[PDB]
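I have placed the structure first, in the form of C-alpha cells, so that the comments after it can refer back to it.
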C-alpha cells in the first residue's frame with residue numbers, strides 16, 4: 001500500500017529537492033494519516049513504522065543538509081515516535097544514536113537541564129551498552145573532569161554515522177570557551193600555551209583572538225589587559241545608597257507596630 | 001516537543017498539531033505554555049484560517065495559566081462556536097467573566113454620555129440573546145429583567 | 001463480640017459530630033471555617049488509619065455499612081430517633097448473626113440515604129456518605145475482589161467530584177469540608193489507580209479537577225492536586241516539570257502544614273533532579289526543619305535517605321547516624337558506606353561501593369549522583385586543600401591526588417576559578433600555582449548589609465505576629 | 001503510618017565516620033610516626 005513513499009530509499013542524495021519531492025510524498029502521508037493522534041489497530045501504524053524508519057532517514061538528510069530546524073523537527077518526530085502510547089513498536093534501528101545526536105547537539109549547544117532529563121528518560125541502556133550514548137556521557141564527564149585532550153582521544157573514532165558536524169561544533173565549544181578561559185584569573189601566557197590549549201599552531205583565528213576581544217599581544221607574550229580586571233571600586237561610596245535603604249526601610253518600620 | 005513539529009508554514013500541519021491539541025492538551029499544559037508567542041503568530045496570521053482555534057486553545061492555556069483578560073481577548077477571537085456550548089467548568093465561567101465585562105462595560109458606558117464607547121466586538125451578545133431566550137422561554141423574566149438591570153439601558 | 005462495640009461506639013461518635021455536628025457547622029457557618037468537625041473528622045480519619053477502620057474483619061463480617069447508611073432523612077426533630085435507630089441496631093452484632101453486606105451490596109447502599117428521602121441540601125453529607133463507608137475499604141489491597149471495589153467505590157467518588165462541582169447551584173463553600181476529604185481520598189485514587197498501572201485519564205481527572213478549584217474555591221484543592229500532579233510526573237518520566245517553571249502558582253495559605261512541608265520536599269526533588277545545589281539543599285533544609293514530628297517511623301527516614309543526596313553531591317556532608325533508625329541501619333548499609341566512600345578520596349572504593357550496591361542505587365534511581373560524584377571528589381579535595389594553603393603548587397595537590405600531569409591540574413584550577421572557589425592563579429611557566437588564601441577580605445559593613453535581611457526578615461515575622469493576632 | 005508496638009517509644013560527622021574508621025590507628029602519634037626516622 002502506497003509504494004511511492006519508498007522513492008528515496010537507499011541512495012540518500014541524488015539531490016536536495018528530490019528529497020523535497022519526498023517531503024511532498026511525506027506531506028501526503030501527513031494529509032492522509034498523522035500518526036500521533038492515531039490511537040491503535042497497529043496495521044495502520046505499520047506504514048507509520050515505515051514513517052519512523054524514513055524519518056530517521058530524513059534525520060540523516062537533516063544532518064546531511066546541515067539544517068538545524070529540520071534536525072530539531074525530525075528529531076522531535078523521533079521523540080514523539082517513542083512518546084506515542086503504542087510504545088509496543090518494532091525495534092527502531094537508529095535508536096542508539098539518534099538520542100546520541102541530539103545529546104551531542106546538546107553538547108553542541110551547552111544545555112544544563114536537558115542533559116539530565118536525557119539521563120532520566122532512558123537510564124538503563126547508558127552504562128551497559130550503546131556506545132553512541134555510553135561514549136558521549138562518560139566523555140561528557142571527562143569534559144567537565146578537565147580534559148580537553150579526551151576530545152582528541154575521543155575523535156579517534158567519533159564519525160558515528162555523521163557525528164562529524166557535531167564534533168566540529170564540539171571544537172567550536174572548545175575554542176570559544178578558550179576565548180573565555182585563556183586568561184580568566186591568570187597572570188599571562190606565552191605562545192606555547194596557545195600551542196597547547198589552542199591548536200592548529202597559528203591560524204589567523206588565534207591572531208583574530210589577539211585582535212577580536214581587545215587583546216594585548218605581547219612580544220611572545222599575552223595579556224587580557226594591563227590589569228585584567230579594569231579597576232574595581234564600583235562606587236567608592238557604599239554609604240548613600242544604604243541611606244536609601246534607610247529611606248524605604250525606615251518607612252517599613254513605620255505603618256507597622 | 002510538539003510545537004517544534006511546526007516549522008512548515010502551511011496551516012495544514014497546524015491542523016494536525018491542533019489534532020494533537022484536542023487530545024492531549026491537559027497533559028501538555030506545560031508544553032503549550034511556552035508555545036504562546038507562536039500561538040500569537042497563529043493569531044496574527046490571517047492566512048492561518050484556524051485562528052479561531054488559536055484563540056480557543058489560547059484561552060484554554062490562558063484559562064489554565066490564569067490569564068483572564070487575555071482569555072477574554074481570545075475568548076472574543078474564538079468565533080461563533082464559543083457561546084453555543086454548555087460546559088459547566090470552562091465556557092460558562094469565561095462567559096460569566098465575559099458578560100461581567102459586558103455589564104461593567106454597560107455601567108462604564110452608561111456613565112459615558114453620548115457614545116464614544118468601546119464597541120460590541122464581533123463575538124459578544126451570543127449567550128445574551130441565547131441564554132436570555134432560555135430565560136424568556138423559562139417564562140421567568142426575573143432573569144430577563146436581570147440583564148435589564150445589568151445594562152442600565 | 002465484645003470488641004465490635006468499640007467500632008460501634010467510635011463510628012457513632014464520628015458521624016455524630018461529623019454528620020449532625022459538622023452539618024450543623026455547615027448550615028449557616030464558616031465565614032472562613034467554623035466547621036471544626038471537618039478537621040475533627042479528619043482526625044478520626046487518622047484514627048481509622050491508626051486503628052482498623054471499622055469492619056475490615058472485627059471478629060465478624062460487614063456490620064456497620066449495611067446498618068448506618070440508611071435513614072438520616074433530615075426531617076422534623078424526631079430524627080434524633082433515626083440516630084436511635086442507628087444505635088439500637090447493635091444487637092445484630094451482639095446477639096444476632098452478622099452477615100456479608102459490604103463490597104457487593106454497597107452499590108445500592110450508597111444510593112440508600114438518597115433513597116430514604118431527598119435527605120438534605122449540603123454535599124458534605126453526600127461525600128461523607130461516599131467516603132466514610134468507602135474509605136474503610138481502600139486499605140485492604142490484597143488485589144483480589146477488593147481493588148476493583150476500591151476502583152468502583154472511587155468511581156462513586158468520581159461521582160463525588162460530579163456531586164462536588166455541580167452542587168449548590170454554585171459557590172457554597174463546602175470544598176472547605178470536601179477538599180479536606182478530597183485531599184486524602186484523591187491520593188488514595190492515585191494509590192489504587194497506581195496499585196496496578198500508571199494512570200493516564202486520571203491525569204485528566206486530576207487536570208480538570210485542578211481547573212475547578214481555580215478561583216471560585218482556591219481552598220485546599222490546588223496544593224493537594226498539585227501534589228498528585230507532581231508525584232504523577234515524578235513517578236513517570238521527566239517531561240512536564242517546566243509546568244511550575246511557567247505556571248508557578250503553588251502558594252496557598254499552606255494550611256495543612258505537612259502538605260507544604262513534603263510538597264516543598266517534592267519540588268526540592270524536582271529542582272534537585274533538574275540541576276541545583278543551593279536552592280535544592282536549602283529546601284531540603286526547609287522541608288527538613290518542617291518535618292512535623294517523630295510520629296510516623298520510616299516516612300521521614302527513607303525520605304531523608306533521599307533528602308541529603310544533593311548534600312552528598314556537595315562534598316560537605318556529615319554522616320547521618322543520629323538520623324539513623326537502627327531499622328534503617330540495615331537499609332543504610334550501602335548508604336553509611338556510600339558517604340564513607342564520599343569522604344574517602346579513594347577511587348577503587350568509589351567504584352567499589354557503586355559496584356557493590358548499584359542495585360540499591362537503582363532503588364535510589366537517581367544516578368545523577370554518580371555522574372557528578374567523582375567530580376564531587378575532586379571538588380572536595382580542591383576545596384579542602386585550596387582552603388588550606390595560600391600558595392600551594394599544582395604538583396603538590398596533583399601527584400598527591402593522582403593527577404600525573406600538570407596540565408589537567410591547570411584545567412582543575414581553571415574550572416575551579418570558573419566555579420569560583422578560590423582566586424588561585426598560576427606562576428605561569430609550566431604550572432606551579434602561585435596563589436593566595438583570602439582573609440583581610442572584609443568583616444564590618446558586610447554583616448550589617450546582611451542585617452537588612454536578618455531584620456527585614458524579622459519585621460516580616462513581626463507582621464506575621466500581628467496577623468497572628470488577627471485570629472481570635 | 002504508626003501501626004505497631006512503637007507508641008511507647010559537614011561539621012564533624014563525615015569525620016566522625018572516618019575518625020571512627022581509623023579507630024585504633026595512627027592519625028597523629030608524633031613521637032612514633034616522626035622519630036622512627038633516626039632510631040636506626
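Count begins at 1; order follows the chain as displayed.
The deposited model was determined using electron microscopy, 4.7 Å.
Cβ coordinates come from backbone N, Cα and C, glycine included.
Features of the protein shown, as given by Swiss-Prot:
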CROSSLNK  C:13  SUMO2 cross-link
CROSSLNK  C:13  SUMO1 cross-link
DOMAIN    C:261-440  domain 'PCI'
MOD_RES   C:393  phosphoserine
MOD_RES   C:405  phosphoserine
Practice problem: Among all chains shown, work out which of the modified residues C:393, C:405 has the most CB atoms within 10 A of its CB. | Solution: C:393
Quiz item: Going by DSSP, is residue C:405 (phosphoserine) part of a helix, a strand, or coil?
Solution: coil
Quiz prompt | Between residue C:393 (phosphoserine) and the residue listed as 'SUMO2 cross-link', the C-alpha gap once rounded to whole angstrom | solution = 76
Self-check item: Between the residue listed as 'SUMO2 cross-link' and residue C:405 (phosphoserine), the C-alpha gap once rounded to whole angstrom
Solution: 77
Quiz item: Other than its own, how many Cβ atoms are within 10 Å of the Cβ belonging to residue C:13 (SUMO2 cross-link)?
Solution: 14
